[PDB]
Amino acid sequence: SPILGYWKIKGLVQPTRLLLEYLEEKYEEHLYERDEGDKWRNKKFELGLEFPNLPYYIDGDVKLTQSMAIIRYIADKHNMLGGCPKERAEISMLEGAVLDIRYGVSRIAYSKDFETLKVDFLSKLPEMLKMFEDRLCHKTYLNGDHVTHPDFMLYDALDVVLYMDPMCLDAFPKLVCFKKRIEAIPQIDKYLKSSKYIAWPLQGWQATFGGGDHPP
Amino acid sequence: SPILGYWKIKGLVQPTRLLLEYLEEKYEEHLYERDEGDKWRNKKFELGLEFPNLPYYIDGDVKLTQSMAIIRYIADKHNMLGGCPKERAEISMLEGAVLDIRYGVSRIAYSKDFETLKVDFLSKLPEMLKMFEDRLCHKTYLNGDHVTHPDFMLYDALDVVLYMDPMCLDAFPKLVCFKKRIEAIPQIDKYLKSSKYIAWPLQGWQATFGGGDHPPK
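Residues numbered from 1 in each chain as written, not as in the entry; some residues may be left out. Chains lettered and ligands numbered in written order. Heavy atoms only, no water. Residues with missing side-chain atoms left out of burial classes, pairs and counts.

Per the deposited record, the coordinates in this entry were obtained by X-ray crystallography to a resolution of 1.9600 Å.

Written as structure tokens, this is what we have:
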């Protein structure tokens, strides 16, 4: 069965875990704890990876790194990437727009001067969320009636910005409805209640925002 | 014809430009100059873009933003993304590894403490480049005998890191050769010599690094 290797955090891989649980696919996790940086560095160059990094995904057919290449491969193997160039570009554009939010947090989350950079991010965040509000005006999910990988990426981004500002969705009822819809998927519900779910941290443990061993 | 809208810099879109020139595909550029922030603010919500942003690519019915969605769409229309899930994953992985170098530069280039952040980046860069040197063992391009979009992304990343550290490819002669090989593609050489080529800046004009109006002579 496939092996998914990452830090014991949400970070870059949480959307991939959510997709694997939505598809109900068997996989093994190799999790690196806060004190297992040495364990990772001594294995890193001996797994056959062409671009050694975390996370990594190893099945029969593939040895992958790059979080976007991994989530796209799992989608692609399930016929979820889109049927024609236009639909595939729509899905890649949604991907990018979600990363503008999720990388927007990560960019500033490890900085000494985080409190200053937060003011600016929370000023631009409304506009980014409005575009998703409009996309989800009459669509159950970002691509219509059927779930795609950017749904889990957006879920993860909403999870993270709600910690930084618990009122950030008060203006965005369609995003609140979308978020509850994801959570009501029976196999997502079971995952979120399971011993396998990693609630914290959001970033690397060293992060000034969404770090430490426990929520603040 | 397709419209490619961006700032008059290299930045996010330069690999897209190179790919269009490789394909010899006709396109028009809407180029926003340093003084045209107002021009853009005014047109931004008027173009029919679902996720308004720079760069944008407008192809009659197809209206796209996100640089990676744009370069992938152009590749996809020419059947260049990969024939099966495994080949499509190899191209996606190459794409991500190039972006770790290119975004690695962009994420510190707008910082006040660039000189401090540069030391940390240049202690990691030799190993990141080594992974590309190793991939080019017995290969003309990153995916073998045929050009793919990550080749133009790597070419762009190599141009940018050579400005930050002129010696960073001294240990990597297969990367020096790769960069010369791209520049010997005849439709690339023609573009690089033309009046359409934007040599500078690398980042937004306001950047601590790769910014301003001319390179250092």
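What follows continues from the structure just given.
Taken residue by residue, the interface counts 32 residues in chain B and 31 residues in chain A. For the side of chain B that touches chain A, the elements supplying multiple residues, two or more each, are β4 (62-65), α3 (67-77), α4 (85-109) and α5 (114-135) of chain B. With twelve residues, α4 of chain B is the largest single contributor of residues to the side of chain B that touches chain A. For the side of chain B that touches chain A, a count of residues per class yields 14 nonpolar, five polar and 13 charged. (Contact = heavy atoms within 4.5 Å. Helix = DSSP H or I, 4+ residues; strand = E, 2+ residues; numbered from the N terminus. Nonpolar A, V, L, I, M, F, W, Y, C, P; charged D, E, K, R; others polar.)

The next subject is the environment of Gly 48 of chain B. Among the structural elements, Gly 48 of chain B can be located in the loop between α2 (37-43) and β3 (56-59). The spacing of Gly 48 of chain B and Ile 101 of chain B is 53 residues in sequence and 33 Å in space, taken between C-alpha atoms.

A word on empty space enclosed by the protein. Estimated volume of the largest cavity: approximately 140 Å³. In terms of lining residues, the largest cavity is bounded by 13 residues, among which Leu 12, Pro 15, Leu 99, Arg 102 and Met 153 of chain B are the most central. Broken down by element, the residue count for the lining of the largest cavity peaks at four residues, all from α4 of chain B. When we break the lining of the largest cavity down by domain, the ones giving at least three residues each are domain 1 (1-79 + 186-212) and domain 2 (81-185) of chain B. Of the pockets and cavities examined, the second largest cavity occupies roughly 50 Å³. As for the second largest cavity, its lining consists of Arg 72, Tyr 73, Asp 76 and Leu 81 of chain A together with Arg 72, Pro 85, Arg 88, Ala 89 and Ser 92 of chain B. Looking at which element gives the most residues to the lining of the second largest cavity, the answer is α4 of chain B, with four residues. By residue class, the composition of the lining of the second largest cavity is four nonpolar, one polar and four charged. (1 Å grid on protein atoms, 1.4 Å probe; cavity = no way out; pocket = protein on both sides within 12 Å on 5 of 7 lines; lining within 4 Å. Points joined across faces, edges and corners; volume = space filled by probe spheres on them. Domains from an automatic or database assignment.)

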